[PDB]
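>>> Please find the sequence and an experimentally derived structure below.
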Amino acid sequence: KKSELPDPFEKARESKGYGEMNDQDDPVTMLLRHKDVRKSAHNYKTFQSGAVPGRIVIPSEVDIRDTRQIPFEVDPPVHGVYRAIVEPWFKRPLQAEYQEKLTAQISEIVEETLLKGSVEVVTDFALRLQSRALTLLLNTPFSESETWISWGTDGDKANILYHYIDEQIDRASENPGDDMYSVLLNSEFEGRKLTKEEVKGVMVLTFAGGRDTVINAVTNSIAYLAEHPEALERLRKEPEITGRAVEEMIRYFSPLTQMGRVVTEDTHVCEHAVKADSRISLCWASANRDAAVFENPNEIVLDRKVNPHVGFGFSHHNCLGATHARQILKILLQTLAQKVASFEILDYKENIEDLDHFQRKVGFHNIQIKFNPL
Ligand code: HEM
Ligand SMILES: COC[C@H]1O[C@@H](O)[C@H](O)[C@@H](O)[C@H]1O
């Protein structure tokens, strides 16, 4: 029914192993099989991330930005050095105290929604929850979330973000405090301080990498719980399954469908030739439905123990935001289980990704849902 996300890649995954799409006259070969997505994600020499800024993104962003994202657009061994700088900052959501503040934010927004009765989840719920949670990760004042909410859910809009980041970098530059900007400006890369340009590459990536993905993860979870009262019930009675429930939702929703790489030399994948200087994609969504790897791949098995999903990527570039994202979803699932009796989906419109030969439901442009109290 309505919460379903179908697998548009099945026939091609099983028959050829790959697909094609056009994106700004820079054509893509999509890798669809779990085995191949892993081998290719691991093999950075042949399939590289350190390209012209914006080239590995799909759709390509070469025409809307010049700044290199870090560590996203850097290859090992330099990748490892930058990643070691920011990785302790990204593990902060594992702290008790960070989790209490996040529990209070999510709990407050769930109570407000139970009072309003019905709400438009994408904007009134998911975007608010994501913007506020992000203030904990950046360690900025709560109020900064109102600016981010205003941006909503593309050359001129892009520059709104880039210029905002520059202002923040300059402000922290003059008056160092404890926010992520100040921490990055004071960090060392091989015995010297990071430059503003490097900080900008971390921060643009931090804002852009976690916005849409989190908003869809949150929204798709609510949709799914709305149509599956038995799942809401298991989560209430068996809180111990919550962690595995979150991984299973990231596998099935795969909020980030694919990511590109640039092919450095002539080579083959599934007996198919790919020429140097072209792009492939690591199609995480398809790998996460591979019937050679997952039992019942097109359902949510709420307590799945064996779950080698690639929803957060694989090997070198595995998602730094995963710790933050996981805590958001763990807490959300428990807050709904302990406070909401059931839901009704009242009206919706689907967000379909145009991938040329493939049309992929990634979530909802909007969906109106009623929450009833327990
Ligand atoms: C459920 C939500 C999320 C999903 C599904 C997701 C998914 C992914 C995926 C698949 C990658 C691999 C990219 C690649 O191979 O090139 C990735 C990388 C990354 N994500 Fe996320 N992400 C999510 C949330 C976040 C959040 C909230 C942030 C930050 C606030 C974030 C920051 C990053 C960063 C910095 C990387 C690059 C890591 C590196 O290059 O070493 N993500 N993410
Ligand atoms: C790992 O994902 C990072 C990317 O997310 C994309 O959706 C952004 O738009 C890109 O600029 C880039 O940050």
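Structure's in. What do you need? Numbering: from 1, shown residues only. Ligands and ions are numbered 1, 2, ... in the order given.
>>> Quick check: which element contains the most centrally placed residue in the chain?
In the chain, the C-alpha nearest the mean C-alpha coordinate belongs to residue 213, at 3.4 Å (CA atoms, centre = their mean). Using DSSP states H and E, the element containing residue 213 is helix 196-227.
>>> For that helix, name the packing helices and strands.
In this structure, helix 196-227 packs against helix 127-138, helix 155-174, helix 180-185, helix 229-237, helix 242-253, helix 322-339, strand 340-355, strand 358-373, with contacts taken as 3 or more CB pairs under 8 Å, 6 or more residues apart in numbering; DSSP states H and E. All C-beta spots, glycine's among them, are computed from the backbone N, C-alpha and C.
>>> Looking at these, spot the one closest to ligand 1.
helix 322-339 (4.0 Å; CB to the nearest ligand atom).
>>> Can you list the buried residues in the closest one?
322-337, 339 (16 or more other CB atoms under 10 Å).
>>> helices and strands around it, which ones?
If you count contacts as 3+ CB pairs under 8 Å, 6+ apart, helix 322-339 packs onto helix 78-91, helix 96-116, helix 127-138, helix 196-227, helix 229-237, helix 242-253.
>>> residues of the longest one that come out buried?
Residues of helix 196-227 classed as buried under the neighbour-count rule (16+ other CB under 10 Å) are 196, 198-226.
>>> could you list every residue that touches the residue nearest to residue 45 when sequence neighbours are not counted?
Distances taken as CB to CB, 6 or more residues apart in numbering put residue 264 closest to residue 45, at 6.9 Å, once the chain neighbours are dropped. By CB atoms under 8 Å, 6 or more residues apart in numbering, the contact list for residue 264 reads 45-48, 276-277.
>>> Of those residues, just the buried ones, ChimeraX syntax please.
Selection of buried members from the contacts of residue 264 for ChimeraX, criterion 16+ other CB under 10 Å:
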select :46,47,48
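>>> Now tabulate the contacts of residue 264 in TSV and tack on distance to residue 258.
Converted to TSV, those look like this (distance: CB to CB, whole Å):
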residue	distance to residue 258
45	21
46	18
47	13
48	16
276	21
277	19
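>>> Quick check: the gap between the residue in the stretch 251-374 of the chain positioned nearest to ligand 1 and residue 351.
Of all residues in the stretch 251-374 of the chain, the one sitting closest to ligand 1 is residue 321 (2.0 Å; CB to the nearest ligand atom). Counting by CB to CB, to the nearest Å, the gap from residue 321 to residue 351 is 20 Å.
>>> quick revisit: isn't the residue of the stretch 251-374 of the chain closest to ligand 1 up against residue 91?
No - Residue 321 lies out of contact with residue 91 (CB atoms under 8 Å); the separation is 11.2 Å.
>>> What is the neighbour count of residue 193?
Number of residues near residue 193 (other CB atoms under 10 Å) recorded here: 12.
>>> Next, the contact list for it, please.
Going by CB under 8 Å, 6+ apart, residue 193 touches 185-187.
>>> what do you get if the cut-off is 7 Å, keeping everything else the same?
Contacts for residue 193 (CB atoms under 7 Å, 6 or more residues apart in numbering) come out as 185-186.
>>> and it, how far is that from ligand 2?
23 Å (CB to the nearest ligand atom, to the nearest Å).
>>> for that residue, which residues make a bridge with it?
Judged by DSSP bridges, the bridge partners of residue 193 are residue 188.
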